[PDB]
Structure formats: C-alpha cells, structure tokens
Amino acid sequence: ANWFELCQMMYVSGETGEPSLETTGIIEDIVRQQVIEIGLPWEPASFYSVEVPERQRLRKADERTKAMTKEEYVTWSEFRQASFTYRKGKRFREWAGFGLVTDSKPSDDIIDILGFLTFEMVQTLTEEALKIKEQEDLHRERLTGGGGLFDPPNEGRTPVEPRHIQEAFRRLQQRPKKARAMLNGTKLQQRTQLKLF
Amino acid sequence: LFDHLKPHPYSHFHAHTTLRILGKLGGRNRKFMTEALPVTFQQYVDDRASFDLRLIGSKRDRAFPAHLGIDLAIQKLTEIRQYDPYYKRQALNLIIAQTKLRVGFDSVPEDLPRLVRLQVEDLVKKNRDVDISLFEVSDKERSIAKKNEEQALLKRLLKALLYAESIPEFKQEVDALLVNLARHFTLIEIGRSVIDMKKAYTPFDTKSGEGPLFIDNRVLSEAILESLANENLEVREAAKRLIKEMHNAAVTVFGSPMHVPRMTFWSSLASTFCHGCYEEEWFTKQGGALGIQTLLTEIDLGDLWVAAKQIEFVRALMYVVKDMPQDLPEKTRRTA
Amino acid sequence: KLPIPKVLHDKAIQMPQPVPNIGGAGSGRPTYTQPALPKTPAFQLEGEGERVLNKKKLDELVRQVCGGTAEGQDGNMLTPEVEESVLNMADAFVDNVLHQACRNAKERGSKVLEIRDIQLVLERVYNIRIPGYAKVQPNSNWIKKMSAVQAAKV
Amino acid sequence: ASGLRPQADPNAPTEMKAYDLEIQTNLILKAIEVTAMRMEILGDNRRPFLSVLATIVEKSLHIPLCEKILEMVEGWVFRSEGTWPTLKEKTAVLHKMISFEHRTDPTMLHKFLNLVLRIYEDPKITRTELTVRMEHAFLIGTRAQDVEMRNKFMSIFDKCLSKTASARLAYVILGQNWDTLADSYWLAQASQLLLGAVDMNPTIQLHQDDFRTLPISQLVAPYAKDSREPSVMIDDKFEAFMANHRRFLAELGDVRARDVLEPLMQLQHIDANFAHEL
C-alpha cells in the first residue's frame, strides 16, 4: 500500500528515475515504524495563576523551478499534492493500527499533522539518500559496435538502492553528544529509544 | 510401445496403459533383442554436392549444401488453412530451381543445326570415320555410388514435377518446363545413339577404359512409368503427352519418320515397360501395361519393330494376368 | 488393473522447479553413482573477484565513515595494528550475537531460527536497529499499598 | 466453453441474456466515452479508469468494446498533445493487450499488430522511450502466423540492423533478449536474420566435380573440323525448333542465389527439424 504516494514524493524531491519495489517497501516500513512509535502550556505566561488577554533547500528548489518545462511544471505541481492521509482516513487508520494502540476515532487535525510529518520524513530520507548515492557513484567512477533496434538513446540515470536508504537511516538515528555527556570516562553502554527524525 | 511414454502434456491414458503393459510383461521386455542394433550410414565418403556463396563481410566464397530442403519441399507439395498455396508455391519454386541446377548449363557452337543433321546422316548410314577418343578416357578418380545417389535424386525431382500438374495453378509452368526438357533429352539421345553405334564396330581389348561419368538422362522413362497409373487424370494425360512429344521431336529432327526407330532409345523404353510388369506392386504392373498400350497404338514406330518385340510383350502381359492376386479388383487384369 | 483417472490432480501436473543437492553424500565426486531438473551452480565469467572485493571492503568502510579522501591517496587509512583489532572485533561480535540468539530462540519452544530473535538481541543489547524486515501496568496490590501509604502520610 | 462445473459461491460467475448483455455494453461504452474526455482533471480517479480499461481488454470478448478501447489508446499515443495519462502508463495498458494471441479470432490481434507496426515505422519516435517498451509486442509480431504480418515485421527487423556477417552473428549471440519467445523454437528467426547478410544477386552452379547430364557440346565436339554439308536441306521447322532450344538453353543458366535461399527461409517456419538442420 501507499507505493504510489511514495513514488510521487520521491519524484518531487529529486528522484526522477524509477525506483524498484524494495526501496518502496523499506521506506514504507520506516514510516510505519515512526508513526506507530509516535501558545503552549509551558510558555512564560503560565507562571501565573490567572491569565490576561493580549493587545540549501530553497536554492535548489528555485533552481529546479527555473530549470523545468511546462509539462514538467504541471507534473511537479500535480505530484506536490501527494499525501498519506488526504481523504483516506479509514485506509490510513487500518495501516496505522489506531485501534490496537489507542482509543479509536481521534480528531482529523491529528490526521493532518500525521500527513504533514510523513511528508517531511519522506522528503528528508530521499534528499539524504540522493547525496549518499551520488558520492558512491563519484568515487566508483574514478564494447558493442554497430547498433540494435531497442537500444536506449542515452540512459545514464539510475534510481537509489536499498543500501543507500539503510545508510541514510543509520545516519539519521545518531543523537547529539548532550545525551552522552554524562557517560564520559566510564564503560557504560548507551541505550535509548527510537529517535523521531 | 516405447513411443507413448511422454510427460503430462501428452495424453496420460496412453502413457499409463503402456507403462502397465510393460510392467505386466515382466523380464520379457528387455530380452526380445536378437540382432545388434540398426545404424544408418552413407554410401560414400566424398563431399556432398554444393554451390558457392559469398558473405558480405568476407573475401572468399564458401560452399553450401545442395540437398537441404528437397525432402520437405516434396513432402509438402505432393501430400494434400488459407496459407497452404503460399507454401506450395515456395516448394514448387525450390523444386524447379533444383532441377535446373541438376540438368546443368552449357554453351554450344553457333551452327548447331548443321552438326545435328550431320549426326543424323552418320546414324542413318554407318560411317566409320568418326573419332570418339574423348569417350574412351578412363575416369578413375570419382565415385559411382555418388553418381547413383544423384540419379535417384533427379528421378525424384522429375516425379514431383510430373505430379504437380494436378493443381490448376501450376499446370502451365511445369508443362512447359517438361516439354522443353523432353526436347533437350531427345537431342542428347541422338548423339548418344551415334556414339553407341560407333563403339560396337571396334571390337578391341586395348587398355583404354570406358567413357566419363554422367547422370543418365533416361530417368524420365522411369518417372513416366511411375506416373502413368496415377489416381488423378491430368497426370496420366501428361505422361502420355511426354512420349508423344519425344516422338514428334525425333521426327522433326530426323527429317522423315522412316529412320526414327533406328535409335537406341526405343529399345530402352520397351525394356522398361516390359520389366515394369514383373514387379510386385499392382500399380507398377498397370503402368507397364498402359505403357505398352501407348507404344503400340499411339506412336506407330513401324512393323518390323513390333514383329521383333511381340514375344516380349506377350510374355509380359501373360505374366501380369498370372501374378495378380485373386481378391483385389480386376482392373489390372482387364487392362492386360 | 490400475485406476487411470479421467483427470489428474494438481500435484502430478506440476511443471518441475529447480531442486538443490540433498542427501549429504557429496557432489562432484568422480566415482560410480537424480532429480528431474537440478539447479545450476553459481559461476562468474570475468571480473574483480571476491578475493579483491572482500579486502577492499574495509577500506570502503573507512572511506565512508572518514568523511572523504582526497585525490592521489586511499587505502592506507588504518595502520597495520588497527586492522587486526577491527577484524577481531567483527569476529567476536558475530560469534557472541549468534550464540545468544540461538539459545533465545530455542527458549520459547521454537525449532528454527528466525530474524526476530536476532533483532531482539541487537535492539536490547547493542542499540542497533535494522529496518525493512517487518506496555506494563500495575496490579491491585500495588495500588492498595500506595493508597495505604498516602493515607498514613496525611 | 471449458465445461467446468458450477460451484456454490455467492459471487460466482453467471450468464446473462443477450438483450441485457447488449444494453450493459452500450452503457459501458457511453460511460467510458464520457469519462475519457476529462482526462486532464481526473486526479484521484486517473488510476481506476486505466485499471478498469485494462481489465476489460484483458478479459472481455466483445469485439466493438475492445475495438473502441484500442482506438482510444491509439489516439492517446499519437494524436494527444497535452499531459499524457501519467506519461508512460498507457504502455501498461498496451502490455495487457498481448493476450489477444490465444483467442482463436485474429481480428483483435491483427488490429493490435497494425498499431504496433505503425508505431515502429515512424521517424519521429525512433530510439525513444516508447520504442524501448514494445520489445515484447515486436517479438510476438515476428512470431505471428499470418504470412504478411510476419514478413513485414522481419523486413523492418532486417532493415534496422547492419549487413556484416560477423556483426549479425554477434547481435544474435549477445545483442538480443529472447526471453519473450522462450517457449517456442526461436532459432528460425535467428537463421532468417543471419541469411540477410548473404549476397543474393550472383548466379550459382554446382562445383566442377559434381555430376550432371551429358552436355551436347561434348557430343558435337568430334565435328569441330568437319566442314561437310548435310544432304538434306535445312527447313523452317528445324530452324524454329533449334531457336526454341537455344532460348531454353539460355534460360537454363540463369539461376541466382535468391531462388534457392528464399524458399528455404520461408519453409523453415513450418518444420522444426529442417530449422535444426539449417
């Protein structure tokens, strides 16, 4: 499920190729894991009992927008509306196991927030995987004459692979050193919970 | 029995029944062998007939087999969707090309008619001043078995061409080709007769061998014999028309019908049709009887000829009456 | 006789599939001796070869985690005394993880080793999470004790 | 038609009256036509439309309905100008149309193969993304039974490749993917491709060591120096006879390589043993 939303989101983020099914499965597993794992009350105004009334992403995005055709622009705009939970409440709730882990039927604002978060996760994952793949190819870089009838014109572009996604996920799970500053000088193994990237 | 043992897609009733029979037989299913094993071999070790080709990205020609599709072509032609005529036409084209290749190509002097009439004059008389030195050169470097195989193949091709007259589309082309071939063979036969006449008049024992090796042109007689008693009608009519054409061409070349029966071809034809009566297949007997009838009542070679051949003809026809089994139809006996 | 059915069942008409070499006698023995369609062995016509890829693997990892290497230099990123330590680390990790996982799997009555046991060991003893491969509450006595203590407190 | 027994399943297939069948088909045609003119704004409904089209073409045997769907697909491929039905997704529908080859009714197969032939004869789309996803269709065409269609496909195939024997052999060995034709003897097509790199104009003849009938030149050679005159005069009939014979002799030595080679490559397609030999 949600394979096609994944494909559209990858296309939006810079993956114009045709990723295989394993990449989709891995990304869906990651997103499902994160979702299942998942002014303000603590603002300064809360110190008192009674309240009173008041009174590089951008550069790349612009370059790509300037560097696309009308048909490409239409396709990009149409894919930009891809969502995990847009008018798919029941399907998402079945794919998210709401009943088994929480009281059923929350408000739709929660669903909108979840869709926004999922879009962000997919965007970040694709953006990092592209860099990892490019670096691998760049390091790696450094016989049929005549011709056939079904030969591709120029080829040259390939999609990302499961290993790139796994490496990006490992890179995303690292925490700041402030969560380890209290284990300096000791031999204590660090153990924590899943990080919500 | 062993041919019905095939996996699922093949009908499993036959396979399972055959397996059951073989199992029930017991130890008697691997004991029936008496001889060693049949094996298929070749009559000669020389290279087979071939013609040169020329690949585009190469500088030297390469030989190609000259017998490749003949069997399939004949099988598809003489054994009868909406695509059949296409394949029949392809087979006929291949057969015609192969026949033309077998007959060969030749270049003749400019004034052939003068030499042909000189040959006729020498044959009518008994001139002894003709040199046949080229026909006493011994040929002891080529195979004879290969010659026989080529002869058989040519006979098969001619038989297929003769049968091809029962299809209205192909009648005209094959008929014209056969008529031309018959005239060519008569032209060959006149000179062969002159050579044969000269040869027998020098009884020697010198160490000069025989003539060269060539495909006998008299395979047409065997094809005609095998074609006379056919189920169709146009085939029989064509078989008779070929003999009539041979006789007419001989008359035209000789000049008058007086000396036509002085050739050696007609004795060979009579011998062929007389021996056809002694075979053990009824259709060959019918063909032989019909050939004798055609020779007697449609050519009129003469009277001395018939007076000479009467005994052989009578013996052959009496044997045809004798040897026909007494439970098959009576058509052959009535013809005899 | 024999019951030749009018139609075979689905098990007999199968379109055979490749099969491995089972039995334990061994393969490739040139002595005196079969499935319908055996499976082809593995082969490589021409290339770098495993003897090179395996050795280059460690330098590849060092390049990955080192950030990057400039042109004209590579490979010699670990001194001879550190590569041995890294290899010992790898072997010890593999052995320990497998030994723990097999016993853990056998504990719960299973008879085969599944990925779940390895994943549990890695998560709960090493803080490693590999993606893409598929609570507690108190009882009544504790609540009663807390209520008694709180009542006594006031 | 297969005679399978009917089982008790609530959604089991059933039979419908001819009148009701025609009414339903008309309704489906109208619905598809009305829905297909707003392809630019289908949005979330873009995919179910193509899915139902693919299912209909895959299963249904109604000739008018499949004909209309095929005409619509051709219009999308060729005369469309705007944003396409998901770009190269109409190819997903086209791939499902390969099932026509086993229907016992070559009308739909012939229409589909005509469409493919039109696609592959167009200079505008050459070595493009569209001609790279139709390999299965082209190969199925080369395997066809109708002689004209198969000959057209083979003619295009030969026209595209080179004319060097080594080049053609290399292309056959390591240039083509024969995965589509894995269940049939596909070496006949390879032999047909190979035979296209052979000169076919020059005349042919058996070697000089082979056996042929007796030449007339050998028979008449003894009279080379005999300057005699026949007693009987040469007449008109004899002259006509010899003129016709000379014409036949000239016709005899006019056999080209094509005369023998082409029928072989045409006959090999109805016999596997002869293809093996060739």
# chains A, B, ... in the order shown; residues from 1 in each chain; ligands from 1
>>> interface_residues(of="chain C", to="chain B", cutoff="12 Å", atoms="only C-alpha atoms", output="PyMOL selection string")
chain C and resi 1-16+36
>>> write_last_selection(atoms="N, CA and C atoms", output="tab-separated table (two decimals), in the first residue's frame")
chain	number	residue	atom	x	y	z
C	1	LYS	N	-6.32	-54.25	-12.11
C	1	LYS	CA	-5.73	-53.34	-13.08
C	1	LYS	C	-5.11	-52.14	-12.38
C	2	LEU	N	-5.42	-50.94	-12.86
C	2	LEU	CA	-4.95	-49.70	-12.25
C	2	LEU	C	-5.97	-48.61	-12.51
C	3	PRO	N	-6.22	-47.73	-11.54
C	3	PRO	CA	-7.21	-46.65	-11.68
C	3	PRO	C	-6.68	-45.41	-12.40
C	4	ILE	N	-6.71	-45.45	-13.73
C	4	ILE	CA	-6.34	-44.29	-14.53
C	4	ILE	C	-7.48	-43.27	-14.45
C	5	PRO	N	-7.33	-42.20	-13.68
C	5	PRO	CA	-8.43	-41.24	-13.54
C	5	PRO	C	-8.67	-40.48	-14.83
C	6	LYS	N	-9.92	-40.03	-15.00
C	6	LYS	CA	-10.26	-39.22	-16.17
C	6	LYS	C	-9.52	-37.89	-16.17
C	7	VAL	N	-9.06	-37.42	-15.02
C	7	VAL	CA	-8.30	-36.18	-14.92
C	7	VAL	C	-7.33	-36.30	-13.75
C	8	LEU	N	-6.09	-35.90	-13.98
C	8	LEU	CA	-5.08	-35.95	-12.93
C	8	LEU	C	-5.31	-34.82	-11.92
C	9	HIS	N	-4.80	-35.02	-10.71
C	9	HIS	CA	-4.86	-33.99	-9.69
C	9	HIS	C	-3.77	-32.95	-9.95
C	10	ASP	N	-3.79	-31.87	-9.16
C	10	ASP	CA	-2.88	-30.76	-9.40
C	10	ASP	C	-1.44	-31.06	-9.00
C	11	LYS	N	-1.21	-32.06	-8.16
C	11	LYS	CA	0.15	-32.37	-7.73
C	11	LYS	C	0.96	-33.06	-8.81
C	12	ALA	N	0.33	-33.87	-9.65
C	12	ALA	CA	1.05	-34.61	-10.68
C	12	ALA	C	1.49	-33.72	-11.84
C	13	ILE	N	0.63	-32.81	-12.28
C	13	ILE	CA	0.94	-31.89	-13.37
C	13	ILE	C	1.51	-30.63	-12.73
C	14	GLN	N	2.84	-30.51	-12.72
C	14	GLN	CA	3.50	-29.51	-11.89
C	14	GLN	C	4.45	-28.58	-12.62
C	15	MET	N	4.97	-28.94	-13.80
C	15	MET	CA	5.97	-28.07	-14.40
C	15	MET	C	7.16	-27.95	-13.46
C	16	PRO	N	7.99	-29.01	-13.36
C	16	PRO	CA	9.01	-29.07	-12.30
C	16	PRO	C	9.80	-27.78	-12.08
C	36	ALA	N	14.54	-34.42	-11.51
C	36	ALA	CA	14.15	-34.12	-12.88
C	36	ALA	C	14.89	-32.90	-13.42
>>> closest_atom_pairs(of="stretch 70-172 of chain A", to="stretch 116-135 of chain C", cutoff="12 Å", atoms="only C-alpha atoms", output="Markdown table")
| residue | atom | partner | partner_atom | distance |
| --- | --- | --- | --- | --- |
| A:101 | CA | C:135 | CA | 10.1 |
| A:162 | CA | C:132 | CA | 9.2 |
| A:163 | CA | C:132 | CA | 10.9 |
| A:165 | CA | C:131 | CA | 9.6 |
| A:166 | CA | C:131 | CA | 7.4 |
| A:167 | CA | C:130 | CA | 10.2 |
| A:168 | CA | C:131 | CA | 11.3 |
| A:169 | CA | C:131 | CA | 8.4 |
| A:170 | CA | C:129 | CA | 8.4 |
| A:171 | CA | C:129 | CA | 11.9 |
| A:172 | CA | C:129 | CA | 11.8 |
>>> select_by_dssp(residues="stretch 36-144 of chain C", states="alpha helix (DSSP H)", output="PyMOL selection string")
chain C and resi 50-66+80-107+115-126+140-144
>>> residues_around(residues="stretch 229-245 of chain D", least_positions_apart="5", cutoff="8 Å", atoms="only C-alpha atoms", output="compact mmCIF listing (two decimals) with N, CA and C atoms, in the first residue's frame")
# COMPACT_ATOMS: atom_id res chain seq x y z
N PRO B 113 22.62 -26.62 -85.96
CA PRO B 113 21.78 -27.44 -86.84
C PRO B 113 22.58 -28.23 -87.87
N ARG B 114 23.64 -27.64 -88.42
CA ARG B 114 24.47 -28.35 -89.38
C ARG B 114 25.05 -29.61 -88.75
N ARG B 117 22.32 -32.31 -88.15
CA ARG B 117 21.95 -33.03 -89.37
C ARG B 117 23.09 -33.92 -89.85
N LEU B 118 24.34 -33.52 -89.62
CA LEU B 118 25.46 -34.41 -89.92
C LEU B 118 25.40 -35.66 -89.05
N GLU B 121 22.79 -37.89 -90.50
CA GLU B 121 23.30 -38.55 -91.70
C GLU B 121 24.22 -39.71 -91.34
N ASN B 180 10.12 -28.72 -72.70
CA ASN B 180 11.47 -28.30 -73.06
C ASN B 180 12.50 -29.37 -72.68
N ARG B 183 12.44 -32.30 -75.17
CA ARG B 183 13.13 -32.00 -76.43
C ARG B 183 14.64 -32.02 -76.24
N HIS B 184 15.12 -31.44 -75.14
CA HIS B 184 16.56 -31.46 -74.87
C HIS B 184 17.08 -32.88 -74.77
N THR B 252 10.84 -34.53 -86.24
CA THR B 252 11.24 -33.23 -86.77
C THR B 252 12.74 -33.17 -87.00
N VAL B 253 13.54 -33.69 -86.06
CA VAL B 253 14.99 -33.59 -86.19
C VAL B 253 15.49 -34.50 -87.30
N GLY B 255 13.97 -35.65 -90.00
CA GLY B 255 13.56 -35.17 -91.30
C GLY B 255 12.37 -35.93 -91.85
>>> residues_around(residues="residue A:14", least_positions_apart="5", cutoff="9 Å", atoms="only C-alpha atoms", output="PyMOL selection string")
chain A and resi 9+64+126-127+130
>>> write_last_selection(atoms="C-alpha atoms", output="mmCIF file, in the first residue's frame")
data_model
loop_
_atom_site.group_PDB
_atom_site.id
_atom_site.type_symbol
_atom_site.label_atom_id
_atom_site.label_comp_id
_atom_site.auth_asym_id
_atom_site.auth_seq_id
_atom_site.Cartn_x
_atom_site.Cartn_y
_atom_site.Cartn_z
ATOM 1 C CA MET A 9 7.014 12.070 -3.181
ATOM 2 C CA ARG A 64 14.838 23.297 -10.220
ATOM 3 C CA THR A 126 15.083 10.936 -0.266
ATOM 4 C CA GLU A 127 17.239 14.062 -0.048
ATOM 5 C CA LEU A 130 20.469 11.026 -3.189
#
>>> atom_distance(atom1="atom CA of residue D:247", atom2="atom CA of residue B:246")
18.6 Å
>>> closest_residue(among="D:221, D:214, D:47, D:273", to="chain B", atoms="only C-alpha atoms")
D:214
>>> interface_residues(of="chain B", to="chain D", cutoff="6 Å", atoms="only C-alpha atoms", output="PyMOL selection string")
chain B and resi 50-51+54-57+90+94+102-103+105+108+117-118+191+214-215
>>> residues_around(residues="residue B:166", least_positions_apart="2", cutoff="7 Å", atoms="only C-alpha atoms", output="ChimeraX atom specification")
/B:163-164,168,232,234-235
>>> interface_residues(of="chain A", to="chain D", cutoff="7 Å", atoms="only C-alpha atoms", output="VMD selection string")
chain A and resid 71 147 to 153
>>> interface_residues(of="chain A", to="chain C", cutoff="6 Å", atoms="only C-alpha atoms", output="PDB file with N, CA, C and O atoms, in the first residue's frame")
ATOM      1  N   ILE A  26      10.995  -0.601   1.961  1.00  0.00           N
ATOM      2  CA  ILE A  26      11.819  -0.141   3.076  1.00  0.00           C
ATOM      3  C   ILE A  26      11.315   1.202   3.590  1.00  0.00           C
ATOM      4  O   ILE A  26      11.210   1.423   4.804  1.00  0.00           O
ATOM      5  N   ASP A  29       8.134   0.740   5.503  1.00  0.00           N
ATOM      6  CA  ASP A  29       8.408   0.169   6.816  1.00  0.00           C
ATOM      7  C   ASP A  29       8.919   1.237   7.773  1.00  0.00           C
ATOM      8  O   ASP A  29       8.486   1.306   8.930  1.00  0.00           O
ATOM      9  N   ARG A 191      21.972   3.199  25.971  1.00  0.00           N
ATOM     10  CA  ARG A 191      20.741   2.606  25.472  1.00  0.00           C
ATOM     11  C   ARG A 191      19.640   3.651  25.530  1.00  0.00           C
ATOM     12  O   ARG A 191      19.512   4.372  26.523  1.00  0.00           O
TER      13      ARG A 191
END
